[PDB]
A.B. asks: 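One structure coming up, written as structure tokens, with questions to follow.
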Amino acid sequence: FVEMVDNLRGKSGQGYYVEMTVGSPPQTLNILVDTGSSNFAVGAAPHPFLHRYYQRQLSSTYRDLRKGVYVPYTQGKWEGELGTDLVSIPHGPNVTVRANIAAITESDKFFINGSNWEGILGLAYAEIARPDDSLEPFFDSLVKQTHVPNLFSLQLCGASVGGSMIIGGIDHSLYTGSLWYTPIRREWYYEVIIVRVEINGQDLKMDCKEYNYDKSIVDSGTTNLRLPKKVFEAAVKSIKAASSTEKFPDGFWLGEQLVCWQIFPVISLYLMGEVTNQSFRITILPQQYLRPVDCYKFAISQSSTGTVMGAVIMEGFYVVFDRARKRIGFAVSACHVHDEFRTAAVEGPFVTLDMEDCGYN
Ligand SMILES: Cc1ccccc1-c1ccc2nc(N)c(CCC(=O)NCCC(C)(C)C)cc2c1
């Protein structure tokens, strides 16, 4: 999978995108890689922020589904017109798939001014696709129509960002040590179960249900580590404690301020393993959750929809979305940023009882 190496670009905080083609003849677009959504949606109108857009009138293979779709978010939205067309990934597998495409015709606070992408590739499952789960997501269409294996893996290496999306396989050059797998609890988001959290080696001693209150997901579309409020409150209280050599205001912890200088504690997440009463832990450095924006912001925030393992987690690990076996693999990434005193790590096995009780119902 050599030519798929380094097929991801982007800017800090603006997500990772991959090059794709749509229609016949092929129209090239940069498309965000997003494991937290399930729609393949592309700009189709000359929005002033867009470098380019889907021009359906130029594609002989375009087919109109004659149905709109409306996707609101927190004060933002995009909406579009559903259709199908031929889709390829130039630095991916050598195949061409007919996939659903949502031609974005109206949006608000969706496209980013100054960014270099024009659409979004939802890699999650049909259940959270809009308008309903009958709109087959792209990767499902890819797997059904070709012999590409039902998995993909992501190495996000956080000016410009870089990374690799390996469609249908695993490139063992992109990680060190062994892969450790956590089960996909349910196929809608990429939902997983955190069973224990440690700050600098010290457990938070919270009922593990809180770590997954509502849910916990793996999301390449989210920048930060998003923890439930009560877990976030307890998490920052511990990170605050080990960080007494230097005192910042309270608002900096809620995402309100940056400071440069031109000692922090490591965060450990224990994930449910593949075997009863067996878990493993992934540990990230300060180089992950303190994102430069030599200045840096604090990239851990609270959430209402559960835990979100975003780029702060994924940029330290090679992550394997093993859809065929309903599991997610983690391994130390060969590109993660680390000093010479501490390293990102994936360790196991550990003994953890009542891991199923950690999931919310
Ligand atoms: C921010 C926003 C504004 C207008 C339209 C869409 C978006 C949007 C697009 C894709 C997203 N993809 C994501 N993975 C996320 C974060 C995770 C999340 O809440 N997913 C829920 C489902 C859905 C992504 C809203 C469809 C938020 C997103 C927000």
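Residues take their numbers from the sequence shown, with the count starting at 1.
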A.B. asks: Counting distance only, does the side-chain N/O of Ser268 pair as donor-acceptor with the main-chain N or O of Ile282 below 3.5 Å?
C.D. replies: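 Judged by distance alone, no pair lies under 3.5 Å.
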A.B. asks: With the threshold set at 4.0 Å, does a side-chain nitrogen-carboxylate oxygen contact exist between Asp322 and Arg327?
C.D. replies: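 Looking at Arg327 together with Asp322, the answer is yes, because their closest N to O distance falls below 4.0 Å.
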A.B. asks: Backbone N or O of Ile194 within a donor-acceptor pair of the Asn212 side chain at under 3.5 Å?
C.D. replies: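 Between the backbone of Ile194 and the side chain of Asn212 there is a qualifying donor-acceptor contact (under 3.5 Å).
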A.B. asks: Answer yes or no: is there a donor N or O on one side and an acceptor on the other, between the side chain of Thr305 and the main chain of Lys215, under 3.5 Å?
C.D. replies: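 Looks like no, no N/O pair under 3.5 Å.
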A.B. asks: Testing the basics here: between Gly168 and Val148, what is the closest heavy-atom pair and its distance to 0.1 Å?
C.D. replies: CA-CG1, 3.7 Å
A.B. asks: Can a salt bridge be assigned to the pair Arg323 and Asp140 using a cut-off of 4.0 Å between side-chain N and carboxylate O?
C.D. replies: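 Salt bridge present between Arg323 and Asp140.
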A.B. asks: Could you tell me whether the side chain of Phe40 reaches within less than 4.5 Å of the side chain of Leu135, counting heavy atoms only?
C.D. replies: no
A.B. asks: Do side-chain atoms of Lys326 reach the backbone of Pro183 as a donor and acceptor pair under 3.5 angstrom?
C.D. replies: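 No; judged by distance alone, with no hydrogens or angles, the pair does not exist.
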A.B. asks: How about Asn94: does its CG atom have over 12 heavy atoms from other parts shown lying under 6.0 Å from it?
C.D. replies: no
A.B. asks: Is there a donor-acceptor pair under 3.5 Å between the side chain of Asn224 and the backbone N or O of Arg226?
C.D. replies: no
A.B. asks: Looking only at heavy atoms, what is the nearest atom pair of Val332 and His336, with distance?
C.D. replies: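 Smallest heavy-atom distance, with atoms named: CG1-CE1, 3.6 Å.
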A.B. asks: Are a donor atom and an acceptor atom from the side chains of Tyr17 and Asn116 found within less than 3.5 Å of each other?
C.D. replies: yes
A.B. asks: Cut-off 3.5 Å, side chains only: do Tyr211 and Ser216 have a donor facing an acceptor?
C.D. replies: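 The criterion, which ignores hydrogens and geometry beyond distance, is not satisfied for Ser216 and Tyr211.
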A.B. asks: Using distance only, find each side-chain donor-acceptor pair of residues 337-355 under 3.5 Å and give its atom names and separation, not counting sequence neighbours.
C.D. replies:
unit_1: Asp339; atom_1: OD1; unit_2: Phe341; atom_2: N; d: 3.3
unit_1: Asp339; atom_1: OD1; unit_2: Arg342; atom_2: N; d: 2.9
unit_1: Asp339; atom_1: OD2; unit_2: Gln287; atom_2: NE2; d: 2.6
unit_1: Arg342; atom_1: NH1; unit_2: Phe264; atom_2: O; d: 2.3
unit_1: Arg342; atom_1: NH2; unit_2: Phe264; atom_2: O; d: 2.8
unit_1: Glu347; atom_1: OE1; unit_2: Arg281; atom_2: NH2; d: 2.8
unit_1: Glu347; atom_1: OE2; unit_2: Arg281; atom_2: NE; d: 2.8
unit_1: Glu347; atom_1: OE2; unit_2: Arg281; atom_2: NH2; d: 2.8
unit_1: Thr352; atom_1: OG1; unit_2: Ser279; atom_2: OG; d: 2.9

A.B. asks: Would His91 and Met165 satisfy side-chain contact (heavy atoms from CB on, under 4.5 Å), going step by step from the backbone distance to the final call?
C.D. replies: CA-CA 9 Å; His91 302 291; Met165 178 178 194; over 6 Å; no
A.B. asks: Identify the two heavy atoms, one from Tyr318 and one from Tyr175, that lie closest to each other, and give their separation to 0.1 Å.
C.D. replies: CD2-CD2, 3.4 Å
A.B. asks: Hey, is CZ on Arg325 packed in by over 12 heavy atoms from elsewhere, all under 6.0 Å?
C.D. replies: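 No, not enclosed.
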A.B. asks: In this structure, are over 12 heavy atoms from other groups packed under 6.0 Å from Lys67 atom NZ?
C.D. replies: no
A.B. asks: Say whether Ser37 and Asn39, considering side chains only, have a donor N or O and an acceptor N or O under 3.5 Å apart.
C.D. replies: no
A.B. asks: Is it possible for you to say whether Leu82 and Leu29 belong to one hydrophobic cluster, with membership spreading through side-chain heavy-atom contacts below 4.5 Å?
C.D. replies: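 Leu82 and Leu29: separate clusters.
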A.B. asks: If hydrophobic clusters are built from ILVMFWY residues whose side chains come within less than 4.5 Å, do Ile193 and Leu225 share one?
C.D. replies: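 Looking at the clustering, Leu225 is in a separate group from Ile193.
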A.B. asks: According to ring-ring contact (aromatic ring centres under 6.0 Å, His included), who are the partners of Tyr289, at least two apart in sequence or on a separate chain?
C.D. replies: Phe298
A.B. asks: Side-chain contact, heavy-atom cut-off 4.5 Å: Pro249 with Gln257?
C.D. replies: yes
A.B. asks: In this structure, are over 12 heavy atoms from other groups packed under 6.0 Å from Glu127 atom CD?
C.D. replies: yes
A.B. asks: To check you understand the geometry: which heavy-atom pair defines the closest contact between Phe110 and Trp117, and what is its length?
C.D. replies: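 Shortest heavy-atom separation between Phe110 and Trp117 comes out as O-CH2, 3.5 Å.
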A.B. asks: With no hydrogens and no angle check, do the side chains of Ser60 and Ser24 hold a donor and an acceptor under 3.5 Å apart?
C.D. replies: no
A.B. asks: Would you say the side-chain atoms of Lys209 pair up with the backbone N or O of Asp357, donor to acceptor, closer than 3.5 Å?
C.D. replies: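 Yes: the side chain of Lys209 pairs with the backbone of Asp357.
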A.B. asks: Counting only heavy atoms not in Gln57, do more than 12 fall under 6.0 Å of its CD?
C.D. replies: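 Yes - once you tally the heavy atoms of other residues, nucleotides and ligands closer than 6.0 Å, there are more than 12.
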A.B. asks: Can you check ring pair (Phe, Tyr, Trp, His ring centres under 6.0 Å) on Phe248 and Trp253, steps first, answer last?
C.D. replies: CA-CA 8 Å; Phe248 333 109; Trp253 303 112; 5.5 Å; yes
A.B. asks: Hey, what's the ring geometry for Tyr190 with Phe152, parallel, tilted or perpendicular (30° and 60° as the breaks)?
C.D. replies: perpendicular
A.B. asks: Check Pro265 against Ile239 and note the closest heavy-atom contact, atom names and distance.
C.D. replies: CG-CG2, 3.8 Å
A.B. asks: Search all heavy atoms of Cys335 against all heavy atoms of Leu156 and return the closest pair with its distance.
C.D. replies: SG-O, 4.1 Å
A.B. asks: Hey, does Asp250 have a side-chain heavy atom less than 4.5 Å from the side chain of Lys240?
C.D. replies: yes
A.B. asks: Are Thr307 and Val231 packed together at the side-chain level, in the sense that at least one heavy-atom pair is separated by less than 4.5 angstrom?
C.D. replies: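 Contact flag for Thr307/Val231 side chains = no.
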A.B. asks: State whether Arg9 and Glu19 are salt-bridged, where the test is any N-O pair (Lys NZ or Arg NE/NH1/NH2 against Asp/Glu carboxylate O) under 4.0 Å.
C.D. replies: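 No salt bridge links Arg9 with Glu19.
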A.B. asks: Taking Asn100 for its side chain and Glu136 for its backbone only, find out whether a donor-acceptor pair lies under 3.5 Å.
C.D. replies: yes
A.B. asks: Taking side chain as C-beta onward, heavy atoms only, is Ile167 less than 4.5 Å from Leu142?
C.D. replies: yes
A.B. asks: Is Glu118 reaching over with its side chain to a backbone N or O of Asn30, donor-acceptor style, under 3.5 angstrom?
C.D. replies: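 Looks like yes, one N/O pair under 3.5 Å.
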A.B. asks: With rounding to the nearest 0.5 Å, note down the distance linking CD in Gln27 to OH in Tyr62.
C.D. replies: 12.0 Å
A.B. asks: Determine yes or no for a side-chain-to-main-chain donor-acceptor pair under 3.5 angstrom, with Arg98 supplying the side chain and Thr61 the backbone.
C.D. replies: yes
A.B. asks: Check whether the side chains of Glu315 and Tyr16 place a donor and an acceptor atom closer than 3.5 Å, and report yes or no.
C.D. replies: yes
A.B. asks: Take atom CD in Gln202; do more than 12 heavy atoms of anything else shown fall under 6.0 Å from it?
C.D. replies: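 No, the 6.0 Å shell around CD holds no more than 12 heavy atoms from other groups.
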A.B. asks: I'd like to know if the side chain of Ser59 reaches the main chain of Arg56, judged simply by a donor and an acceptor atom lying under 3.5 Å from each other, with no hydrogens or angles considered.
C.D. replies: no
